[PDB]
Each structure stands twice: as C-alpha cells, then as structure tokens.
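*Asks:* Could you work out the structure for the sequence below:
(chains A, B, C, D, E and F, ligands or ions: 12)
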Amino acid sequence: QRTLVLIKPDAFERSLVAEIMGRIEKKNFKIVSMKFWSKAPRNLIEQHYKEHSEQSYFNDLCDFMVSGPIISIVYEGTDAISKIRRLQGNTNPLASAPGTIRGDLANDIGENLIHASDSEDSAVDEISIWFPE
Amino acid sequence: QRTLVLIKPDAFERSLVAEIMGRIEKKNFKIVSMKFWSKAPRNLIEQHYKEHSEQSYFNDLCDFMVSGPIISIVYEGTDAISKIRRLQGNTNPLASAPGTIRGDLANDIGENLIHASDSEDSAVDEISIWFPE
Amino acid sequence: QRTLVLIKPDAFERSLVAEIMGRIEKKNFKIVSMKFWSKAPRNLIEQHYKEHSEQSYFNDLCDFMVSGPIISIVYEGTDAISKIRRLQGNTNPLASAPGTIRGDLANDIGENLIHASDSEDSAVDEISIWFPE
Amino acid sequence: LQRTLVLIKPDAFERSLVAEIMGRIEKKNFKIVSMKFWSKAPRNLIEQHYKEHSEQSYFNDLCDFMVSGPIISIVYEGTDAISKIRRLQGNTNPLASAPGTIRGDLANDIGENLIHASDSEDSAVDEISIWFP
Amino acid sequence: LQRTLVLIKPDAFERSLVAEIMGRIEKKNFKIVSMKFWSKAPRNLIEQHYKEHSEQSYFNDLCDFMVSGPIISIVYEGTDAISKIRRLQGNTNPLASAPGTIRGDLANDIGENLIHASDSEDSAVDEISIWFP
Amino acid sequence: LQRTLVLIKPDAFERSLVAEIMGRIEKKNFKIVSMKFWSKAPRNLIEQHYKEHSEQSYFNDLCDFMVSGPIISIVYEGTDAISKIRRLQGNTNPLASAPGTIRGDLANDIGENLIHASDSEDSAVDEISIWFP
Ligand SMILES: Nc1ccn([C@@H]2O[C@H](COP(=O)(O)OP(=O)(O)O)[C@@H](O)[C@H]2O)c(=O)n1
Ligand SMILES: Nc1ccn([C@@H]2O[C@H](COP(=O)(O)OP(=O)(O)O)[C@@H](O)[C@H]2O)c(=O)n1
Ligand SMILES: Nc1ccn([C@@H]2O[C@H](COP(=O)(O)OP(=O)(O)O)[C@@H](O)[C@H]2O)c(=O)n1
Ligand SMILES: Nc1ccn([C@@H]2O[C@H](COP(=O)(O)OP(=O)(O)O)[C@@H](O)[C@H]2O)c(=O)n1
Ligand SMILES: Nc1ccn([C@@H]2O[C@H](COP(=O)(O)OP(=O)(O)O)[C@@H](O)[C@H]2O)c(=O)n1
Ligand SMILES: Nc1ccn([C@@H]2O[C@H](COP(=O)(O)OP(=O)(O)O)[C@@H](O)[C@H]2O)c(=O)n1
Ligand SMILES: [Mg+2]
Ligand SMILES: [Mg+2]
Ligand SMILES: [Mg+2]
Ligand SMILES: [Mg+2]
Ligand SMILES: [Mg+2]
Ligand SMILES: [Mg+2]
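*Replies:* Residues are numbered from 1 along each chain as shown, chains lettered A, B, ... in the order given. Ligands and ions are numbered 1, 2, ... in the order given. And now the structure:
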C-alpha cells in the first residue's frame, strides 16, 4: 500500500521534521515520492481537507496549513495506511498514546504535526492531490 | 492548568533527570517554577504523601524520598494534569505502558522516577507544599 | 525471574542490536549470560521453535534464524518474563504498539527483531537450549 | 546568510540514516528552502554534479554508486551555511573524519559517505542550479 | 573536585533544548549541587554576571537577550568540572565550535548560544555567589 | 579489513551505558565477529590483558576495577577497525578526550573510562587470543 503523509508547518516551527520522518523510517517504510512546499496553495489545502469544509475549525485549519512549509510524502509498505495511522496517534491530545508521534510530541488538537491517510480510498485521493502526475 | 511534578531520587541515581524532563519538554509543556532540593525535609515528604500515611509502605517511601535529591517543577499547559499523568505511566511495573516514562524506565513500584499530581485538587495542594510562596 | 531473549538476524542486518538491547537495559534488567552466534546451528533453532514444527512457516522461520548472527541473552529481574514480553510487543505488525520494540521497529510478522520467553516454563526450557551448562 | 546544496546519498537510504543526517542539520537551526526526492537521479545530473572528478580513477564507481539508490537534494539556508555544514559533514576520508561529525560517527568508507555538501559559494551556486534549475 | 556555574540561556527554552543540554552534562557524570529557575532574571544580575563585557559593543543586546526568556542557573560539581564543561560547551563563535560540542551541534549564532559556563576557578566562585548568594 | 578487541568495562554496566557504547560502534558500521559476556573476568586474564602496565602505580587499582563488575569482550571487524575505533574511543585522560568521542561524552575519570580498544595490529592479535583463545 501507499499512503500520503504531510509534515505540517508546526513540525518545521518546532524543528521536529527529522524526528517525525525518522520514526516512520525506523519502522522500515520507504519513501516513494516527496515534495517540499515553502507554502502550499490554499486551494490544495482546501481540497485535502474537503470533508471538513462545514466544520467550525475549517478556516483556522486552512490558515495554519499555509502558515509555514509542508512536506508531502508517499510512503510504501505492507499495510502502510493503517500502520502509519497507529504511529501517528489520535487527533486529540487527551487520547494520543505515549509512544505515538502525537502522543509524544503534540499538545494541541489543531497543531498536531502530521497528516496520514486514513483509508485506501482517501490515500488514492490525497496522493492525487499532492502528486497529480 | 498547572501540575506539580517531582523528579525522584532514583532519577538522580540513575542519571535519568534530563531524560524525564526532556519527555515533558518535547510534549511542549512549560516550566513555571522549579526547585532543586539536595534533600527534601522529611516533613515536606510526609505532607506530600499524607494520603498514604496508613499504608505499610509509608515509612520506606519517606526514607526513599529523602535518600537523594529531588527536583520539584510546576508545569503549565492545556490539560497538563491528565496529560502528564498519561506520560508518567502506571505506578505498577506490571502495567505501565512502553512509551510512558515508567513503562520505559522504571522497574519497581516504589522507585518509579517521577511524581505527577493526579487531579486539580491535588495539584493546588502539592504546588502549595513545594512552592508555598 | 530469568528470561531468554534472542536478538534475531534482522537486527544485525538493520543495525538495531544496540537499540534493542538498550531498551531492555534502560528498564534496568541485568544480563546474567550472553552468547554471540555467527550462525546458530539449525538443530538449536528447531528445538527453540519446536512448538511451531507443524506451522506452514516453520521452514522459512528456521532459514531466517540461521540467515545471520544471533545473540542469546539471559535477563534477570522481578517479573522479567512478562515485563520483557510487554516491551517486545505483539508478533503481528498490525497490533504491536508504538513504544514497544516491535511497534517502533518491526514491520513484518516473521522478521520481528527479538524473541522473548512467554512463560516461566518456556524460559527454563529456552535457557537450557541456549545455555546448556 | 547563505544557501548551500546538500545531497543525501544512496547509502543513507540503504542504512536508514536519512532522518539522522537531516536531523543533525535541523538541530543546528538551518532551514530547508528547497528539496527534491529522486528515486534515481539521472546519470547526467550526477556526472555534471561531479564534473570536477571526471578524470579521476574513482569517477565511474562514484557515478554508479550515486545512481544505485534514491537521493534527496536539499538547499539549506542560514548564516555561513556553506562552511558550517561542511564542518558538520566531516572529512571524506574515514581515517580523518572527527567523531561528532556526520561522517565521523556514521560513515566507514571514502566513497560511500552518506552526504554531499557544497564546498564554497561558487560551487553552491553551481550545484543549486543543477538540482534546482 | 570543583564547582562551576552554568546558565541555560533563553534560546534553549525557546528551542526546547533545555533537557538536551542538561543531559549532555549529566551523561558526563557531573552532579547538580544547586539549581534555580528564573522566569526572568533581574537585569542587574545579568549585568553583574557579564560585568567584564560592559564596555563591549554587544553588551546591551546581550543583556536584552538574557532577559528575553527564562534561564536556569546551575552549579555543577565534579573533578575538573570547570575546564571539562567549558570543553563540552564549545567555542562562542559558530565558525569555530566543534561538532560534538553543545554549541557545535546546536548553536548557530555568536550571541544566542544556549549555555554559559564559568571559564576559571575565580570566575566560577564569583558567578556562583551572584546566582546563589 | 582488520579485527580489533574491545572490552566494555565494569563502569559501563554500573552506569547502564553498555548499549550506548556498542551502539556508537554499530552505527559506524563495524561488525561483531566474536563476543563473550563475563559476569566477572578472571584476575589472570585481566593481568595478562594489561601486562604492559604491571609495574605502573595504577596496576592493582586497575585490575581491581576490572574485576569489580561484568565485562564484555568483543571482536569488531571492518576496514581499518583498529585506528578507527581508537578514534571513537577518545583519549584516556578526561582533560583531553574530545566531545563526540565515547570517553569525551561519557567518561569523567582516567581510570574508569568505560571501554578498552586494541591500539595496534600486534596488540589486537595478542588481546584477541587472550579473550578468545
Ligand atoms: N476538533 C478538531 C478536529 C480536527 N482539527 C484539525 O483537522 C484535522 C483533523 O481532522 P481529522 O479528524 O481528519 O484528524 P486526523 O486524521 O488529522 O487525526 C486535524 O489534523 C486538525 O488539524 C481541529 O483543528 N480541531
Ligand atoms: N504499593 C505501593 C504503592 C505506592 N508506593 C509508593 O507511593 C507512591 C505512589 O502512591 P500513588 O498510588 O499515589 O502512586 P503514583 O501517583 O505515584 O503513581 C509511589 O510513587 C510509590 O513510590 C509503593 O511504594 N508501593
Ligand atoms: N504467522 C506467523 C507467526 C509466527 N512467525 C514466526 O514465528 C515466531 C513467533 O511465533 P510466536 O507465536 O511464538 O511469536 P512471538 O512469541 O515471537 O511473538 C515469530 O517470531 C515469527 O518469526 C511467522 O513467521 N509467521
Ligand atoms: N579518493 C576518493 C575521493 C573521493 N571519492 C568519492 O567522490 C567524492 C569525492 O569528492 P570530494 O573529494 O569533493 O569529497 P567530499 O567533498 O564529498 O568530501 C566523495 O564524496 C567520494 O564519494 C572517492 O570515492 N575516492
Ligand atoms: N563578539 C561577541 C562576543 C560575545 N557575545 C555574547 O556575550 C557572551 C560573550 O562572552 P564570552 O566572550 O565570555 O563567551 P562565552 O564564554 O559565553 O563563550 C557570549 O555568550 C555571547 O552571548 C556576542 O554577542 N558577541
Ligand atoms: N595514568 C593512568 C593511566 C591508565 N590508567 C588505567 O589503565 C588503562 C591504561 O591503559 P592505557 O594507557 O593503555 O589507556 P587506554 O589505551 O585504555 O586509553 C586505562 O584504561 C585506565 O583504566 C590509569 O588508571 N591511570
Ligand atoms: Mg483524517
Ligand atoms: Mg498519586
Ligand atoms: Mg513465543
Ligand atoms: Mg566536493
Ligand atoms: Mg565567558
Ligand atoms: Mg591501551
């Protein structure tokens, strides 16, 4: 499987980019594609998060995602989608488990360091958004 | 919220002080106050652990807590009390989860490296004990 | 208690030997005996895994275990058997928890870095296999 | 303020040291301003990158190595980035690279040495225009 | 056996490197004998600390920086603590600090350089009496 | 390609630095070819190991220290293993061992200095035949 991961602007701000990538790297997942964005276009962000367009946090979320750089990465591995989701940790700081990326490093439900596709369907979708080629 | 954390004498003995503080630091909690005690007065210890005065381990616990230095720290952050408790890990070595401080580092129910307040009520209480000002 | 741990050939291949040993070392378990095997004899491997002789993976498993070096280690500590099992993590990569050795480092149900005895009975047994003296 | 061109070499991918190397540069507070992942760099880019070495005995082996796995090309930005990152990198020769340097700690071969860093202002501008034209 | 005075500078807090720096000194087996957290050090303590620099061009900027965030003052104890910790610290100038040193690995500015360490026996005694009178 | 003899000294066990030290050599890509755990090395092996020092003032204290806890004897293999691992090791004198070296980062005593490494081809062959006859 291939999954789409984003390193979010807060990781750059907090100098955690290598930390997060290294956790996935140490689990033996392989980078298939990678793009550095000094600032992602808002439209890309809005597409990526289209399922959230009616949520009260939608605009703050979009602002945050264009507030700094992003790295988009396609990772490949057996069951990569579910596995990276478990490494990522829960969105909520009251739930993300110590040992996960978010459990160890993130303290906010919004600024939470990392995106990972949550299903095969959304992976295909998100990979096409960030890597249309 | 603010929570009271103690680095216990075993952390000093095992050179784990930075390791433990760094875990909390990496989760983005801010130090509000901090005190180094070369040896905490026994009365302080007894006050801190007053709810345990009738337990069979009470005296050994007090002896341990004055057996070496302690750092008392007030940490501040959203939901800091519950969050630091989860990072800390369960008291019992048969239960504390890998990824938590105790799960990774502690092997004894007594010498377990770190105290953290378990509720808002006890936080206020413990902060007043270690930082009466 | 004493438990038998094997560092498997994949750990050597991936340069993870110190990483894994260090996790157990940091939990304060003591090495009682240790043997380095440039290649374990197949018969030893087959004895170690005798309960799996009827599984479809038995032969591939034996081939893997002689494909590179192994370190056998006897660790000692209170409840060392169950504790090291929890640090190890589940066999299945879909289940092993971030924070465990396998959850963090292993991505395959076969090549999973580390063996640890699962009970007192099997510990005694496995210790006698690797350390017959 | 300067920009320098870094390549993460194919041995870094093979040995799972990508984040380790990027992390050392990150902790030194250098900022990524461009980055491209190459599953396999074109021979000609490599030969152009090392055009100074084209008549050297090791040229063909060097170019072969450089196309034997993925690379990442990165432009780093910071005050005196060029000399400072050269210092982090360490000497080409494993007999001379100091512990604490990337190569001193991690590399054990004069050829397979994990990282390229531009060695001057002029070469930085040249290399940057090769990888990011 | 000697005592030396270390300050963790405000940039360390900003960049979440407090435990990282303390940890390097801890792993070298130096013992904390005094420690005080300052949410903001008094200007006058800072000016007294750096009184030697009072006529230097950078004095006002230095003092401003030093009161721009928290600091920790620490007295470390050990055999030849003064010269040894100075060695860990690394050169003031980022063009000269060796990789493997605190500043060589972590600092990228001559001013914002993370840590102060007493540079001699006499200055150690002076500085210790400033921060711990 | 060379082989060198390393001893992990009893202070490494006491301070839980076994994996830390082995890990530095591992990351440098040196391969273990022999390894033996000694819960307590025989006095005579130690005295033979250091026979060059037999008339030195520190000999008895050195031998006493060396039998005061476990040691691991390891034969490492790699290109120029002898000089390269000596470089990792760092100077005997804590006034001289460079940060980034094993001793520079970790050791704070001329006697208790964590690791032995053969210092030449001839001494490597001698020491290897002592520990692995
Ligand atoms: N209550 C919420 C939920 C999500 N969000 C943001 O929206 C993104 C997550 O929506 P999601 O439910 O798909 O969460 P993840 O898959 O990112 O865990 C998060 O990563 C947050 O940045 C938020 O700011 N507040
Ligand atoms: N069975 C027990 C329970 C607690 N204790 C000690 O008493 C303190 C804990 O009591 P507690 O139930 O408040 O535990 P924590 O909040 O520290 O996890 C522990 O940190 C131990 O040092 C003990 O020695 N034996
Ligand atoms: N479905 C399976 C189950 C086990 N195995 C192998 O057989 C060994 C495990 O059998 P086990 O159930 O005793 O697992 P652990 O105790 O090693 O977790 C594993 O470590 C794998 O190397 C496998 O290759 N495929
Ligand atoms: N004697 C040599 C010199 C360089 N080389 C290789 O080709 C590159 C030589 O470039 P260089 O001399 O500019 O060394 P660096 O600047 O990469 O340290 C090195 O990175 C090695 O990969 C080699 O294989 N043998
Ligand atoms: N040229 C300089 C020299 C020092 N400084 C600052 O003021 C302090 C100078 O003290 P120093 O020369 O005793 O340097 P260290 O002993 O801190 O390495 C440094 O830590 C810098 O923060 C500066 O900003 N510019
Ligand atoms: N002045 C000295 C020199 C060495 N020694 C000890 O004995 C060994 C001396 O051997 P050496 O001079 O060959 O030093 P290394 O090669 O171990 O760095 C050291 O590892 C110290 O443990 C000492 O205690 N005092
Ligand atoms: Mg989602
Ligand atoms: Mg409690
Ligand atoms: Mg089993
Ligand atoms: Mg060059
Ligand atoms: Mg100074
Ligand atoms: Mg010697």
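
*Asks:* Cross-check the contact I'm expecting between residue A:16 and residue A:104.
*Replies:* No. Counting by Cβ atoms under 8 Å, residue A:16 stays clear of residue A:104, with 10.0 Å between them. To be clear about C-beta, it is placed using only N, CA and C from the backbone, and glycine gets the same treatment.

*Asks:* For the residue in chain A that ligand 5 sits nearest to, list the residues it contacts.
*Replies:* Ranking the residues of chain A by distance to ligand 5 (Cβ to the nearest ligand atom) places residue A:15 first, at 20.7 Å. Shown in contact with residue A:15 (Cβ atoms under 8 Å, 6 or more residues apart in numbering or on different chains): D:26, D:27, D:29, E:15, E:16.

*Asks:* try residue A:131
*Replies:* So residue A:131 contacts A:33, A:35, A:72, A:74 (Cβ under 8 Å, 6+ apart).

*Asks:* ok, back up a step: which ones among the contacts of residue A:15 lie within strands?
*Replies:* If you go by DSSP state E, the contacts of residue A:15 have nothing in strands.

*Asks:* Could you export these as JSON lines, including distance to residue C:120?
*Replies:* What follows is the contacts of residue A:15, written out as JSON lines (distance: Cβ to Cβ, whole Å):
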{"residue": "D:26", "distance to residue C:120": "46"}
{"residue": "D:27", "distance to residue C:120": "45"}
{"residue": "D:29", "distance to residue C:120": "52"}
{"residue": "E:15", "distance to residue C:120": "48"}
{"residue": "E:16", "distance to residue C:120": "44"}
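
*Asks:* Just name the closest of these to chain B, please.
*Replies:* Lowest distance from chain B to these (Cβ to the nearest Cβ) belongs to residue E:16, with 5.5 Å.

*Asks:* surely the closest one meets residue B:28?
*Replies:* Yes. Assessed by Cβ under 8 Å, residue E:16 is found in contact with residue B:28 at 7.4 Å.

*Asks:* Give me the common contacts of the two.
*Replies:* residue A:14.

*Asks:* Any idea what the residue sitting nearest the centre point of chain A is bridged to?
*Replies:* By Cα atoms, centre = their mean, the mean C-alpha position of chain A lies nearest to residue A:115, the distance being 1.6 Å. The partner list for residue A:115 in beta bridges (DSSP bridges) reads residue A:6.

*Asks:* ok, now how distant is it from residue A:49?
*Replies:* Distance, residue A:115 to residue A:49, by Cβ to Cβ, to the nearest Å: 9 Å.

*Asks:* Overlap of the contact sets of these two?
*Replies:* With Cβ under 8 Å, 6+ apart as the test, residue A:115 and residue A:49 reach no residue in common.

*Asks:* Distance-wise, check residue A:36 relative to residue A:44.
*Replies:* 14 Å.

*Asks:* Pick out whichever of the two has more residues nearby.
*Replies:* Set residue A:36 next to residue A:44 and count neighbours by other Cβ atoms under 10 Å in any protein chain shown: residue A:36 wins out with 20 against 17.

*Asks:* State the three-state secondary structure for that one.
*Replies:* Applying DSSP: H, G, I helix; E, B strand; the rest coil to residue A:36 yields a three-state assignment of strand.

*Asks:* correct me, but it touches residue A:68?
*Replies:* No. Using Cβ under 8 Å as the test, residue A:36 is too far from residue A:68 to be in contact (11.7 Å).

*Asks:* And the helices in chain A, which stretches?
*Replies:* A:9-13, A:17-26, A:42-48, A:58-65, A:80-88, A:101-105, A:120-130 (DSSP state H).

*Asks:* The residue of chain A found nearest ligand 3: neighbour count?
*Replies:* Closest contact between chain A and ligand 3, by Cβ to the nearest ligand atom, is at residue A:78 (13.1 Å). Neighbours of residue A:78 under the rule other Cβ under 10 Å: 13.

*Asks:* Also the one 5 residues further on?
*Replies:* If you count neighbours by other Cβ under 10 Å, residue A:83 ends up with 25.

*Asks:* any idea how far it is from ligand 6?
*Replies:* As judged by Cβ to the nearest ligand atom, to the nearest Å, residue A:83 and ligand 6 stand 45 Å apart.

*Asks:* And stretch A:34-42, what's buried?
*Replies:* By neighbour count on 16 or more other Cβ atoms under 10 Å in any protein chain shown, the buried set for stretch A:34-42 is A:34, A:35, A:36, A:37, A:40.

*Asks:* Not counting its neighbours along the chain, what's nearest the fourth one?
*Replies:* In space, residue A:37 comes closest to residue A:70 once its chain neighbours are excluded; the distance is 4.7 Å by Cβ to Cβ, 6 or more residues apart in numbering or on different chains.

*Asks:* The first one too?
*Replies:* Taking Cβ to Cβ, 6+ apart, and ignoring the residues beside it in sequence, residue A:34 has residue D:37 as its nearest neighbour in space, at 3.6 Å.

*Asks:* So what sits opposite that neighbour in the bridge?
*Replies:* Bridge pairing for residue D:37 - DSSP bridges - gives residue D:72.

*Asks:* give the contact list for it.
*Replies:* With Cβ under 8 Å, 6+ apart, residue D:37 has these contacts: A:31, A:33, A:34, A:35, D:70, D:72.

*Asks:* Just flag the most distant two among those residues.
*Replies:* A:35 and D:70 (14.2 Å; Cβ to Cβ).

*Asks:* which bits of chain A sit near chain C?
*Replies:* Within chain A, the positions near chain C by Cβ under 8 Å from any Cβ of the partner chain are A:23, A:26-29, A:77-79, A:82-83, A:86-87, A:89, A:97-100, A:103.

*Asks:* Residue A:6 contacts residue A:74, doesn't it?
*Replies:* No. With contact defined as Cβ under 8 Å, residue A:6 does not reach residue A:74; the gap is 10.9 Å.

*Asks:* which of the residues of chain A next to chain C come close to chain D?
*Replies:* Answer for the residues of chain A next to chain C near chain D (Cβ under 8 Å from any Cβ): A:26, A:28.

*Asks:* now the residues of chain A next to chain C: which count as buried?
*Replies:* Among the residues of chain A next to chain C, the ones that count as buried by 16+ other Cβ under 10 Å are A:23, A:26-29, A:77, A:82-83, A:86-87, A:89, A:97-100, A:103.

*Asks:* Quick one: the contacts of residue D:37 as CSV, columns for distance to ligand 6 too.
*Replies:* Putting the contacts of residue D:37 into CSV (distance: Cβ to the nearest ligand atom, whole Å) gives the following:
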residue, distance to ligand 6
A:31, 42
A:33, 49
A:34, 44
A:35, 49
D:70, 41
D:72, 39
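
*Asks:* which among these gets closest to residue B:55?
*Replies:* residue A:31 (53.2 Å).

*Asks:* Quick check: that closest one touching residue A:75?
*Replies:* Yes. With contact defined as Cβ under 8 Å, residue A:31 and residue A:75 form a contacting pair (6.5 Å).

*Asks:* Counting neighbours, go ahead and name the busier of those two.
*Replies:* Set residue A:31 next to residue A:75 and count neighbours by other Cβ under 10 Å: residue A:75 wins out with 26 against 19.

*Asks:* Find the nearest non-adjacent residue to that one, please.
*Replies:* Nearest non-adjacent residue to residue A:75, counting by Cβ to Cβ, 6+ apart: residue A:29, 4.5 Å away.

*Asks:* correct me, but that neighbour touches residue A:80?
*Replies:* Yes. The criterion here is Cβ under 8 Å, and residue A:29 meets it with residue A:80 at 5.9 Å.

*Asks:* Quick check: which of the helices of chain A is buried the most?
*Replies:* helix A:101-105 (a mean of 24; mean count of other Cβ atoms under 10 Å in any protein chain shown).

*Asks:* what packs against that helix?
*Replies:* Applying 3 or more Cβ pairs under 8 Å, 6 or more residues apart in numbering or on different chains; DSSP states H and E, one finds that helix A:101-105 contacts helix A:17-26, helix A:80-88, helix B:17-26.

*Asks:* now with 7 Å?
*Replies:* helix A:80-88 (3 or more Cβ pairs under 7 Å, 6 or more residues apart in numbering or on different chains; DSSP states H and E).
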